[PDB]
Amino acid sequence: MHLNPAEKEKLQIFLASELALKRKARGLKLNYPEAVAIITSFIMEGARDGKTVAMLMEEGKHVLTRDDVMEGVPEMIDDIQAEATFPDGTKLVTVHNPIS
Amino acid sequence: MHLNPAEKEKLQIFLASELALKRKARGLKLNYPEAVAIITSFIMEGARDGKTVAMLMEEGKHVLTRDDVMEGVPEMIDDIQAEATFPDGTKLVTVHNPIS
Amino acid sequence: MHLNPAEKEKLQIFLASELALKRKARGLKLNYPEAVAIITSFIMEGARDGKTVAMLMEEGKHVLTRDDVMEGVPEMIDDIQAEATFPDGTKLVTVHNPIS
Amino acid sequence: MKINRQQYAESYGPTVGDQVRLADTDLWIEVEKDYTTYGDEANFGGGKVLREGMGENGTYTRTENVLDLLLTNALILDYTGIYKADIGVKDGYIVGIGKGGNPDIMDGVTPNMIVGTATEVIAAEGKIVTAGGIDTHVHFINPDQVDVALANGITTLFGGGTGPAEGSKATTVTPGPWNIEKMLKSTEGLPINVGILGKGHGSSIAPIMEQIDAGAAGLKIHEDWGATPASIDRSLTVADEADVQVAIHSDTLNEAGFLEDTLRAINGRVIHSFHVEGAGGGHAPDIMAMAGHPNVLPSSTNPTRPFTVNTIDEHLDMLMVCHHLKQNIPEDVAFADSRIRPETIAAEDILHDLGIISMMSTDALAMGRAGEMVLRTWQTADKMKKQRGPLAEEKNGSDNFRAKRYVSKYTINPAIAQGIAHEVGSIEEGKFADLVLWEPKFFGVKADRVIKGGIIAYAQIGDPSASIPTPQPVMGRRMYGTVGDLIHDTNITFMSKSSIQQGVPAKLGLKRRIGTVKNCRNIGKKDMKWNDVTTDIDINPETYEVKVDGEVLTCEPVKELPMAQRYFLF
Amino acid sequence: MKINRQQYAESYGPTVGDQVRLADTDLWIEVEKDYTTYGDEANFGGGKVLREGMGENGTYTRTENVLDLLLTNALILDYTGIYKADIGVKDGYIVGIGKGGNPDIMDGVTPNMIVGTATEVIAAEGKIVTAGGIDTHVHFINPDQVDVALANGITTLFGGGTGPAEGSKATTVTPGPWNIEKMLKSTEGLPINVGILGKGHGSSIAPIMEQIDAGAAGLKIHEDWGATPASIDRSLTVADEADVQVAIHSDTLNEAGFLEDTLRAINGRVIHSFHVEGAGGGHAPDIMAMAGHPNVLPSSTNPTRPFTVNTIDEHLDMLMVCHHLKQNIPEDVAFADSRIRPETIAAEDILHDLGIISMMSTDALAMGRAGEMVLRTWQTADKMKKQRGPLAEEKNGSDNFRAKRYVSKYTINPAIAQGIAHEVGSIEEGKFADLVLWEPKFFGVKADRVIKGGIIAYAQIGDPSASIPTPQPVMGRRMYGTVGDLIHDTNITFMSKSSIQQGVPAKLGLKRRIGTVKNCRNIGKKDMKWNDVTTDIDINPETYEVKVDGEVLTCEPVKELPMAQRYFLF
Amino acid sequence: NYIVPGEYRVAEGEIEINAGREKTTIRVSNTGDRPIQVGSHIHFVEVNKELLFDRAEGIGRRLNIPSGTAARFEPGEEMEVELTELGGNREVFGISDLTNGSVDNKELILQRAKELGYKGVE
Ligand code: NI
Ligand code: NI
Ligand code: NI
Ligand code: NI
Ligand SMILES: [O-]
Ligand SMILES: [O-]
């Protein structure tokens with residue numbers, strides 16, 4: 001596979017996202033690390049799908065709403081950042097105020 | 001996400017449990033580490049769901065039965081222990097003789 | 001669980017395979033590390049199922065075809081190797097030219 | 001020109017009269033004073049103040065009143081106060097708390113806090129800064145325990161152990177000269193301050209004393225080694241001579257004596273009473289009465305902290321399975337029931353709140369959680385505010401009194417007890433620069449940056465392959481202070497005066513800073529900051545109900561805590 | 001008062017006549033004798049025996065017959081016996097096997113096994129304790145290989161390599177003074193004992209000899225460097241002078257000679273024959289005949305161990321792809337077929353059982369599994385019991401004879417072969433305290449605790465953030481013996497007498513314990529414990545069938561092994 | 001032939017503890033209001049002052065129970081226990097500082113016990 005350090009690390013984000021999605025599917029309000037993991041993994045998968053940085057900047061604000069998460073979590077998350085390999089190389093995505 | 005050491009480690013238990021559940025779904029008798037992973041992850045998810053230590057002490061004895069696992073596995077597992085964040089903080093769960 | 005170093009490492013292959021399978025399910029042509037992860041995990045699960053080294057040598061050539069992967073990936077993969085615990089202990093599987 | 005207080009707080013961190021919520025608790029701390037000069041605040045970045053000719057002095061060499069490091073705009077939470085200041089560090093020590101910058105052009109600059117060519121900057125605006133936690137009940141069982149402790153803002157581990165040997169799994173003991181030498185060597189690679197306790201057991205002086213000479217920083221008396229009158233007596237005689245502290249886990253079984261017998265053996269000498277409530281160990285059921293005496297420095301361990309609905313079930317089972325007790329053996333059940341008591345655990349919450357138990361500690365990996373000393377301190381303060389109300393002493397609707405009482409339990413008080421408060425345990429000028437920055441939203445939960453000896457040792461930080469340091473995954477990671485030889489300069493091995501005089505460091509080739517243990521033997525309860533109360537604690541032998549000044553101390557367990565499921569992935 | 005034997009075994013571990021199953025094999029070991037005094041068993045914990053005034057002596061200083069460490073109630077499995085004893089360690093060495101405690105009050109206490117103030121305790125009741133494994137066929141290719149080896153109870157790695165360079169990937173060789181110096185330095189950071197082999201190739205003495213002087217502990221002759229008569233001859237002449245061992249992987253190709261030519265070059269001098277069966281390398285097809293000679297110390301490498309249904313397919317393919325051989329090239333196919341032979345692999349199982357092959361080894365990362373030497377030894381013993389029955393020599397329905405024969409293959413025999421058995425390779429008084437504890441259920445699969453030089457180096461242990469050490473995930477982890485400078489005191493770098501005399505340690509600044517290689521040149525097959533058989537091995541050049549004493553040695557491959565899918569997550 | 005990995009097959013018979021040592025039964029009462037548990041190997045005369053029994057009968061002796069076990073006395077409980085003889089050099093040091101030498105010094109042990117209020121010096 002030739003995994004570099006970041007590829008090994010970012011596997012953890014996907015796994016945390018899978019865990020959080022299962023928790024949401026059984027009806028839990030998600031906590032801070034859960035919410036972060038979901039939106040982060042969403043960005044990284046979006047880059048893999050070939051979306052643009054602008055698209056992911058928009059979409060990332062609509063992955064979770066305040067009724068998906070516990071009290072205070074929306075206000076704890078000011079922005080979520082992820083770097084992934086887009087078709088045109090690694091780029092940084094910042095999603096500002098992902099949960100209103 | 002602000003993962004602490006235990007949060008990074010315990011992701012591994014969830015992953016091992018997912019692997020073991022897939023193996024059980026295709027009809028395998030589970031081995032020692034598989035069985036341990038399943039019951040451990042069950043406890044940690046139970047705490048996340050807001051169950052009590054007493055509930056998980058009971059439930060953990062009924063996640064796998066001897067016909068789910070290979071010969072000798074029930075006798076290899078004397079008890080399974082996990083710490084997770086309950087609504088009232090980290091607590092220790094010990095499931096005694098989880099597979100009869 | 002008593003995980004040894006290899007058991008901890010090989011959890012990563014399963015996770016990378018799960019990620020790659022999701023990417024294939026939403027219609028992406030898979031890249032080099034994705035393809036490698038899928039076929040590797042397939043071998044390790046095959047050993048867990050009790051298949052022989054000869055069976056996995058055959059089957060591993062039919063897990064992904066060239067239309068599953070991006071241009072050049074078939075030619076980048078000369079062979080994929082994995083060691084897993086068969087019913088008769090650890091053995092090495094080499095799949096030669098897995099994607100024609 | 002004027003700035004509204006909301007914008008000011010957002011730019012520079014809060015100022016006098018402003019309040020900040022601690023994580024997701026109901027606890028509010030208020031800025032008591034601020035060392036700044038409004039308009040001359042220090043800050044670093046593009047077009048900011050700490051630039052040459054401006055807020056950075058371009059004239060002075062490092063020796064000339066210039067800092068190695070300025071933390072700008074810190075909200076300090078310390079036994080000494082809750083207040084706004086710049087913190088100046090040099091040679092790995094806090095040299096200045098006040099106002100940093102450039103006297104060329106700024107008013108109010110503390111004279112030894114010049115930002116010069118040699119100065120590094122850490123922005124603490126919007127952060128709470130505390131001393132590093134001092135954990136005095138550490139079992140050295142699993143080296144992975146160190147990062148766990150760093151991630152919750154702990155910077156000093158005192159205790160004992162050789163790894164997962166049964167002796168060490170039960171007791172905070174590194175026994176004998178050879179094990180102590182071996183663990184001193186091991187310590188060279190642990191990125192945290194360390195002090196090692198020898199075995200506080202024997203009936204001749206020489207076997208005990210040779211552990212102090214070998215490099216131990218103190219002694220532990222543990223029932224599992226025989227917490228007999230003789231072991232207690234010899235340990236204290238050694239401690240009085242060597243100027244080190246003795247910790248005790250007393251005779252739960254009451255085999256050779258009851259509490260009064262242990263107190264008689266102690267004979268008015270100073271001692272640190274571990275997990276004084278008694279779930280973690282000691283004379284059944286009345287050990288917690290220790291915490292009323294003037295010669296006792298009392299600590300709790302963390303799993304009883306605070307009293308919750310899961311506590312009793314968790315503890316009964318824990319005790320039984322860890323001592324291989326059977327549920328069908330009445331003596332086992334009787335023992336468990338005599339040791340795990342809602343009456344004493346509930347009272348323990350209140351004794352903390354009243355300043356009668358002075359200290360928190362983990363009991364890491366033996367019956368406590370290495371990374372939850374700080375966490376549970378605040379959960380306890382929060383529960384007490386909910387159930388008992390603001391303390392009488394409070395004013396302005398702040399929780400400052402309670403916050404100082406509680407922060408003291410894991411910072412200054414353990415440092416005083418151990419004889420190491422000249423080096424560590426508080427944010428004061430002249431002490432080692434062990435500093436923890438916290439985002440208020442994560443306060444007491446997950447440290448932002450842990451500074452050890454003036455260099456960051458541990459940080460919550462993201463993708464090392466990224467353009468910037470914040471992209472996911474943000475996790476706890478060792479920083480440069482832990483790497484190579486820098487691990488020697490950023491951490492202290494605490495040792496007895498006699499081992500230091502005898503040249504043990506040079507003999508073992510220790511490269512770490514060597515701290516002297518001292519002034520351990522003529523302190524008492526009265527020396528515990530904000531937690532100095534002595535009183536007659538009565539524990540009813542039949543009902544286990546705890547009384548102080550004629551009143552039963554009882555409270556309800558809570559079903560939920562702050563600093564819990566909002567934060568933790570597991 | 002009497003205790004039934006089931007309860008006794010559960011409390012103290014088994015006693016005389018009791019049997020224990022090794023993991024999930026059909027092999028039973030029986031306690032031959034027990035050093036205890038019934039009723040004075042040592043044990044540690046609340047209300048237990050090793051307490052001051054009781055089973056712990058409170059009088060004596062460490063020097064006065066007191067231990068640094070007591071393993072209580074060990075079931076020892078060693079070439080010297082299968083028996084119950086306390087094991088006493090001091091200064092990192094086994095000083096006492098017998099009965100530990102306090103002569104004040106206990107009968108039968110071995111005089112130098114006093115539990116005193118300086119004593120740490122490890123509970124070995126219910127555990128099997130063996131010597132650490134000695135692996136003498138290690139390629140140093142990937143540092144991650146070390147934990148792999150520790151997790152399966154290996155404590156000494158002998159071999160060579162500079163990391164994943166082609167030379168090192170093929171051969172156990174650290175070539176020349178400079179590479180050897182570099183790897184000696186590297187060794188300072190590897191938490192395992194190490195000895196390094198130089199290149200056993202050259203036609204002048206000086207190029208070979210300068211590697212011994214530089215710090216090599218032995219030599220490897222490998223066909224990939226030219227296993228010619230001259231290289232064999234010069235290596236052995238160097239080894240005879242320097243008192244170190246030579247390992248050989250002979251000329252598979254028969255290019256300069258057949259087996260008889262290699263034997264002529266050796267000329268009766270002592271040599272270690274690696275992977276003597278020949279799948280791992282050597283004169284096709286008759287190399288295994290080496291194992292009949294008195295001057296040959298024969299080892300197997302582990303992938304042929306034991307003969308299974310997947311073995312041949314796995315090996316043919318492995319050989320072909322690792323030598324870039326094509327399936328359409330008849331010379332390639334012929335070579336593969338001449339090298340991978342069911343007839344010799346089957347016979348290898350039986351030669352182990354008969355004590356004709358003396359040693360096991362890994363061939364780690366070149367054609368063998370770093371963490372499966374111990375594992376496969378027992379799988380082989382199990383297969384042989386199934387197919388050949390209890391050996392004649394057995395009694396009481398135990399497998400003790402077979403267990404001693406087999407444990408010898410990876411403990412004492414490699415130590416003797418290498419010239420290091422004065423330090424390591426067995427549980428005997430006066431040897432280094434490299435000890436492996438095993439839960440019987442995990443015996444030979446996953447070590448519980450690995451003790452290196454009297455300190456735990458490696459343990460299967462759980463959540464470092466937990467109240468106790470057992471909660472999940474339980475995994476193999478480095479312990480305090482590996483951390484900081486303690487890694488120097490807990491591990492041995494084995495070196496030639498000449499390098500030691502020449503001050504190489506001081507020149508390179510090595511801080512590890514330095515062990516002397518010696519008494520390598522006047523040993524033979526007869527010196528291999530329980531595995532001392534010499535005989536004429538005939539290998540038919542046409543059929544490859546192996547004969548000893550006129551009888552064909554053949555057995556069936558098995559479809560399933562114990563110590564496999566019940567245990568492993570992958 | 002069901003395999004329990006690592007299982008014991010213990011031999012037949014029973015293990016006699018403290019074989020060939022004199023045994024002595026005495027009555028002992030916990031006069032205190034808190035429980036007292038006594039381990040197998042504590043010099044019996046040196047146990048908690050509030051245990052009332054004939055202190056002389058505890059000299060040179062310990063409970064005749066399996067190594068590492070303990071006898072429990074609830075508050076107010078009186079029961080019989082069986083003692084066995086200490087072995088080795090038959091000396092005791094430390095614990096409660098009643099002996100600090102040979103257990104043969106009965107007179108001196110009892111005088112110390114009495115002065116310090118160990119109940120049952122007769
Ligand atoms: Ni304790
Ligand atoms: Ni403790
Ligand atoms: Ni070879
Ligand atoms: Ni090799
Ligand atoms: O403790
Ligand atoms: O080899």
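Reminder, nothing fancy here: chain letters follow the sequence lines and each chain counts from 1. Computed over heavy atoms, backbone and side chain alike; hydrogens, waters and symmetry mates excluded.
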Among E:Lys441, E:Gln19, E:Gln7, residue most engaged with chain F (heavy-atom pairs, under 4.5 Å): E:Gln19
Among the listed options E:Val16, E:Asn43, E:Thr15, the residue most often paired with chain F at heavy-atom distances under 4.5 Å: E:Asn43
Minimum side-chain heavy-atom gap E:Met1-F:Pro66 below 4.5 Å: yes
Distance (rounded to the nearest 0.5 Å) between E:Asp40 CG and F:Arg21 CZ: 4.5 Å
Partner chain E: residue of F:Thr69, F:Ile15, F:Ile95 with the largest heavy-atom pair count (under 4.5 Å): F:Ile15
4.5 Å side-chain heavy-atom contact, F:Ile3 and E:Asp26: yes
Region of E:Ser11 that comes under 4.5 Å of a non-hydrogen atom in chain F: neither
Rounded distance [0.5 Å steps], CD1 in F:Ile42 versus CZ in E:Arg51: 6.5 Å
Largest heavy-atom contact set with chain E, pairs under 4.5 Å, which of F:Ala70, F:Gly39, F:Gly68, F:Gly60: F:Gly68
F:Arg9 CZ to E:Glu30 CD distance, which is reported to the nearest 0.5 Å: 9.0 Å
Min side-chain heavy-atom separation F:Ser40-E:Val49 under 4.5 Å: yes
Under 4.5 Å from any heavy atom of chain F - which part of E:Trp28: side chain
Smallest separation among heavy atoms of E:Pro14 and F:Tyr8, with atom names: CD-OH, 3.6 Å
F:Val103 portion near chain E, given a 4.5 angstrom heavy-atom threshold: neither
Closest contact, heavy atoms only, E:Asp24 versus F:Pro5: CB-CG, 4.1 Å
Test item: F:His41 and E:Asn102 side chains (from C-beta on) under 4.5 Å apart, heavy atoms: no
Minimum heavy-atom distance between E:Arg5 and F:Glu14, given as atom pair plus value: CG-N, 4.0 Å
E:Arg388, CZ atom: more than 12 neighbouring heavy atoms under 6.0 Å: yes
Exam field: side chain E:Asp18 to backbone F:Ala11, donor-acceptor pair closer than 3.5 Å: yes
Chain F contact via E:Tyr8 - side chain, backbone, both or neither, heavy atoms under 4.5 Å: side chain
Contacting moiety of F:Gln37, where chain E heavy atoms sit under 4.5 Å: neither
Residue selection (most heavy-atom pairs with chain E, distance under 4.5 Å) from F:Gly87, F:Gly94, F:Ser67: F:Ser67
Top contributor to chain E interface from F:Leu86, F:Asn1, F:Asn89, F:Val10 [non-hydrogen pairs under 4.5 Å]: F:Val10
Per-residue contact mode, E:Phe44 against chain F (heavy atom under 4.5 angstrom): neither
Under 4.5 Å from any heavy atom of chain E - which part of F:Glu85: neither
Residue among E:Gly39, E:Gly55, E:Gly101 with most heavy-atom pairs under 4.5 Å to chain F: E:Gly39
Proximal component of E:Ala23, with respect to chain F [non-hydrogen, under 4.5 Å]: backbone
Part of E:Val109 within contact of chain F (heavy atom distance under 4.5 Å): neither
Nearest heavy-atom neighbours spanning F:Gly6 and E:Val20: O-CG1, 3.8 Å
Taking every non-hydrogen atom, the tightest pair across E:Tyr38 and F:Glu16: CB-O, 3.5 Å
Residues 44-58 of chain F: residues contacting chain E (heavy atom under 4.5 Å, by number): none
Within 6.0 Å of CD in F:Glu107, more than 12 heavy atoms from elsewhere: yes
Distance, nearest 0.5 Å, that separates CD of F:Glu12 from CG of E:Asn4: 10.5 Å
